[PDB]
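Coming up, as structure tokens: structure 1 and structure 2, two forms of one and the same protein chain.
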Structure 1
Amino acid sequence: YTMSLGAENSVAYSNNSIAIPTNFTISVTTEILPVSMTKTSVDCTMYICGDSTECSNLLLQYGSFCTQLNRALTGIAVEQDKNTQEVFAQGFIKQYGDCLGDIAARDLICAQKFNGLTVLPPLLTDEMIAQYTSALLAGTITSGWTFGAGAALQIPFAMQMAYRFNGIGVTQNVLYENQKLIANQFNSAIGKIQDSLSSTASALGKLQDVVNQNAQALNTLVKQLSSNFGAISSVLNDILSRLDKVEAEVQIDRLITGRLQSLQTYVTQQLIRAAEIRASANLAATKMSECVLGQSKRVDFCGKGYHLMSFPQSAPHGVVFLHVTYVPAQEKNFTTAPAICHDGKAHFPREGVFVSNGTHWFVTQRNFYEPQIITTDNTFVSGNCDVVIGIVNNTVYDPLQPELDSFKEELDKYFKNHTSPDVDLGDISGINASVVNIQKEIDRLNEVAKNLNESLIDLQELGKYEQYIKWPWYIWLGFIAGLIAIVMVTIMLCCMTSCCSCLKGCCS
């Protein structure tokens, strides 16, 4: 801001050419200004979604922004209604053989001895019976002649009878003591097989109890477990089905947000145009009176050229002016000067310009070439040549534009990144559930149930007897009759001398 620049040199003494109107021609202008606008309501639902029903249902939850934006576009406080609705969701036998061999005679001399008794085997053969029965008879023959015991021959018969009865006795005694052994040991064995089958019955019973209980346990587990999976199934379905819903909504809400902005852009443009319409209405107030009620002394304002008269008329959202004016039909370039500094005495005009007919300056009217003479009534004089310099920099407003960081730097201010563990369950396939094989033992049991059959005793039929071999009381006197035959020969030997008469016949 200097009070001066140079000496006798400035734009203020530029002295250059400039067009001045010389002749004129009648003119008119039609000038149009808008003063009002068609503020119309906008349906956000029609603007953002249009006809996309999977959006129409969601945009509703965003709120009454639609009203806020319409309150802006249209200067009408919409008198909305009131609604109270809220959703709510709730033995000796061999030894006798070995010693006697095949000599039937050695029979009695081979008699063995068990304990305090003499024994023989119980079998007489045609050789032995010949020996003893002819010995018995010979002892009965000799005794009739011999003075004493011709019956010394009968000892072997009477003894071999006694010894054999003893042999039978010792052999029956053991047959019986064997019978007591086989009876006791079979009684003891069936006592132990009775225990065995009580124990097998108890073992089979216990197995049956558990195998059945555990079958029940598997059934119960299967009933519950197959229900549990049915429950897991239903629950995972609800989740997947809702996750899918969320994956539709979380996409659709992003496009809606973009359109919400795109709508806020349309709204902002309308307000910006509304401020220009209302500035054009403020301009129409000056423009209408400075010509209609008055006459403007300006240029190009309210009608191109120099304003004279005006006739206004209306339009649907505006005013139209049929202004009247005059314009240069003919105009000429003249060397002119804002000021002229004479010997340190700056000189300028009053209500006009300096213009130069070649020989000297005149003052003239800026907008009509009519030279006038220079005088104090027509000019100003200043004792200082120096030219004052001003500066006027019309800075239209510089907004404090937003100052966003990188997105990462704002994100990490509050964003919690996340990664849940890769969860897994415990493998049950380590369960072996071993099977059983007893088919060897079951086939073996069948084998012995078949083979026990062979052991079924099949003795050699002996026979009991003791049937009807009885004599009758009516005939029992049969032997008494024999005694009567002894009486009959008692007459024949009434004396023995008849035998002596037969011995006399043996002599003769």
Structure 2
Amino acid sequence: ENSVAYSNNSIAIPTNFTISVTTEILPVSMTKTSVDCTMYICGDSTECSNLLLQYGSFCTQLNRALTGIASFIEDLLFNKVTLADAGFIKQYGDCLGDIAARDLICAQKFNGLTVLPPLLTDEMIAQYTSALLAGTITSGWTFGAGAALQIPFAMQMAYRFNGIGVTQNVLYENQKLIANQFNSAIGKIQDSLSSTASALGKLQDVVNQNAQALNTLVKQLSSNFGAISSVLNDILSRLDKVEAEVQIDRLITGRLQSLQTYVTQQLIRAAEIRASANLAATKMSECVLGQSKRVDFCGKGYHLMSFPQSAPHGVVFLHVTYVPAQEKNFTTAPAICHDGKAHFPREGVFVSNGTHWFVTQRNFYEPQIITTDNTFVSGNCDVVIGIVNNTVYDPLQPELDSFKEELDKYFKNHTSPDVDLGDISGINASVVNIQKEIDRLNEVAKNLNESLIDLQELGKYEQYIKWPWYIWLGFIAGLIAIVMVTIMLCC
């Protein structure tokens, strides 16, 4: 049997003693300590302090836990007379030539009318008057047979009336046309001017109506942009505040964890103090009011007397004990197996003086003889095995899963799409250029002066006072006289 219960070992048994006085101090209570969370967490920060009021009454709940702890020639000579011929006077000129006696010989036949020019030179006037007078004179002499010379007087007069009427007829038709065209043209121009005037009025009304529409739109747009700008500024200021408070809230939460551990460690320490107060209670009853047989309880050594003494937050004991002065090792065995019967001492140890065995108290060397009423006897020599694991309570720690798995249960991952606004850069509002037309109108207005009729040029009775024949002789005679003198002048 090589068990620890029979094999002997050397232990030191005291032989001489000395007195010791042991001062033992045991806390029994702790000071009541509060904590203001505003100073602990924020302190001097005003932003933190304002946000902390929204966190509730956690401070008074934490303090509650801590509180409970405690051629060159003709032009020169003859006067020129122009006539408007309707188509017969030119042939009359070929008829006549110069001979005035052929005035009636060939009168032109115009569209069935025998016509003659209205012109009557002095040669013809004398000829016709002489014919008229000769007929009247000779009628009486010849019993009226000599009246036939009055016929050319009448025939020429009637023919000239036809010749005057023929050209007068076209003059009247021309004047009727000129008057009718002038009235019609003025009528058409009046229509155009009224049309232009009404068109301009319709243009002005629309241009001004669109001018008010643009002005109204611009004024309304400015109000809309003012309202949008003011709303945007408020949103940005609110957004800035929220983003600041969120970061501050993160630090407040993180510092709340440190405050929580500070409270927890204070509560745990109070529990340890309460256990120390329980120990001081037993020490007061077991050491002050009695004598303890337990070694090192009530001071190191073996108890004699103890004296309590108060402390500010604890209790102080002055244990009077006797401790060993000198000791020597002795060969001791817990039990000895004598022929299969284990013997062990009751209240003692088996000490050996080298040869025999003895029973002595554990705290003093005083060998005694082993007697029947000094030791117990066991039937067998075997031993009983027991195991005692004084384990402390193993806590059930949290079993958190992955952060992503916990987040995915209720997370709302959202992304706002970009604001898409219509593009108005394609609006043209083109311009107009009509300067060429305006220049044309101003040019025609200036040029319309040239179409004015000169009233001084209309009734123009042109007349040249040609030289009479008797001065032509004098001019010729004088011209000859003014050169014959030069004959003598040269020499």
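One-based numbering along structure 1's sequence throughout. For the two forms, the rigid core is made up of the largest set of C-alpha atoms that agree within 1.5 Å on superposition.
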### Task
Of 248, 170, 271, 225, only one moves its C-alpha by 2 angstroms or more between structure 1 and structure 2 once the rigid core is aligned, so tell me which.
170
### Task
Look at residue 290 and decide if its Cα position differs by 2 Å or more between structure 1 and structure 2 after superposing on the rigid core.
no
#### Entry: Flag for residue 345, CA shift 2 Å or larger between structure 1 and structure 2 after aligning core
no
### Did residue 482 shift 2 Å or more between structure 1 and structure 2, C-alpha, core superposed
yes
### Query
What is the Cα shift of residue 66 between structure 1 and structure 2 once the core is superposed, in angstrom?
0.3
### Cα displacement of residue 432 between structure 1 and structure 2, once the rigid core is superposed (Å)
1.0
### Query
In Å, how far apart are the CA positions of residue 179 between structure 1 and structure 2 with the rigid core superposed?
2.4
